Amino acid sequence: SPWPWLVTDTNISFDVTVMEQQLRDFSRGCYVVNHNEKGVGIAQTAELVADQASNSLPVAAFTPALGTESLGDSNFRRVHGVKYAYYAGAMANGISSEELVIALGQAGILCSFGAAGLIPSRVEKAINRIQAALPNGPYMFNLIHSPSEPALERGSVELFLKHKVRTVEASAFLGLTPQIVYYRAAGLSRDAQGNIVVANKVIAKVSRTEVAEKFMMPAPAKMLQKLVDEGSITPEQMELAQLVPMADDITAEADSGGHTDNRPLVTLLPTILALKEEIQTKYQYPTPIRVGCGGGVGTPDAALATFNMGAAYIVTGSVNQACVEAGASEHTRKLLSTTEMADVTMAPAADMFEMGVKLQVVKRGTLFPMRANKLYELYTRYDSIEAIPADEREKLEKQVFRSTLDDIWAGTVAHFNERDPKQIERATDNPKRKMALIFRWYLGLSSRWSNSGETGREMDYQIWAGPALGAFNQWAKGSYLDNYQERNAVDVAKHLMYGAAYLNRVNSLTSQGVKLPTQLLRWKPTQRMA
């Protein structure tokens, strides 16, 4: 035995309730003893075998005082000014709302404002509110890649730069773009001491090794010289942009709610971590690149598994939409509280509909995925809305669109023409495009209906969620978290973090050969954390 202590019999508890309370106490170490008869016992005080003296037992196992700060990368917590190696990911169209961002940031927890799909004045509005509530952070804003429209992306970056938004979650990118590189380089300088200052921080969320590679390596000299080209960056921005990675943190996004490649967390995260060590050994950054991970994290066990694999931080998404601070309707959050792991499925995505791309959504309690998948089948099979069989089309019009396809198209032409005339000119004299735009009316609005609580459209709510939500609901069954109105994002974050810490301590004891009562092997939500 490596443990040089003895435990007095009066300091041991063989009571499983007392033992759980000792294991839950991260401020003190635990000493485990084996009584041939009363079984496993735990104490919090021990003496050296020579310092104090029979009726003493030798320490069979030990685990020291360690809490949530022992999980993940301390440099993440330092760089982002957060109390936990954790962030709540963006949720589109304000689902990761100002209320959610402010509630989490006030508790010291990073959260990403869901700017995707929101108009610029709405986003500036969120910037002002969040910065007024959190003058020193923490928070970040989602920059979603706009492949069709680089100007929108550039405007979002310029809004962030104007207001000194210092942290961006960059997602849906397939590589670098001038806009994100601009945001990155505009924040680079040096102090009077040679230390280089990275003021604009970037968390790049990726699921593909090549995209991760682009964000782990510095911005390419060519793109930076074309930014020195205009009125965008400085000769102090380029020299330094080539000595720092394009991102401080890489989020490996496994199988998730919403847009996803449905990649296993146990295969995606090791791949990105191996790439991280390759690139970090090559470039020898003074502050190393970090890799965190989300997608499937709904329970303390999944969180601990993610940390144990090497993640610098964990990311949650699906469980946060179910909390009262999220910008989801009352009906939607109620529905989410009973969604099981098999109650999600893949359905066509509005913004990549014609390319066959899908996203993960709730399928129980809503007909959205069935109707959206039917739209994709009709789109691919037929050359035009006029080629759709009459029965199918009148089913569409009366139950899905609640209007004729012609009237949907008329509204689409009016809307686009008076906003983005390129979209309607482009579909002019092309029935495939026309049909795709008509169907995207439904694909686009179903999300909004769920977010706003549009009455009478419940059967059509598009609700992004992955199996992490069902995992959460199963783990929380029989607790106060069964009530959707009792779900708070800060409380959820703390359950995941403190539960992972508890499981980590228990695993250390099990690893040392101790057989704990089954009442100590897991963290049940029998008490509120916040």
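Each residue number is its position in the shown sequence, starting from 1.
The segment from residue 53 to residue 54 is interrupted, since 1 to 3 residues of the deposited sequence in that interval carry no coordinates. Judged by mean Cα B factor in the deposited record, 215 to 223 ranks above the other of 215 to 223 and 339 to 347. When the two stretches 452 to 460 and 236 to 244 are set side by side, the higher mean Cα temperature factor goes to 236 to 244. Highest C-alpha temperature factor among 262, 195, 167, 318, as the PDB entry reports it: 195. In this entry, the residue among 85, 116, 107, 188 with the greatest C-alpha B factor is 188.
Ranked by Cα temperature factor within the chain, residue 377 sits in the middle third according to the deposited record. In the deposited entry, the Cα temperature factor of residue 293 places it in the lowest third of its chain's modelled residues. The deposited CA B-factor of residue 39 belongs to the highest third of values across its chain. Placement of the Cα temperature factor of residue 430 within the chain: highest third of the modelled residues, per the deposited record. Among the modelled residues of the chain, residue 58 sits in the highest third by CA temperature factor in this PDB entry.
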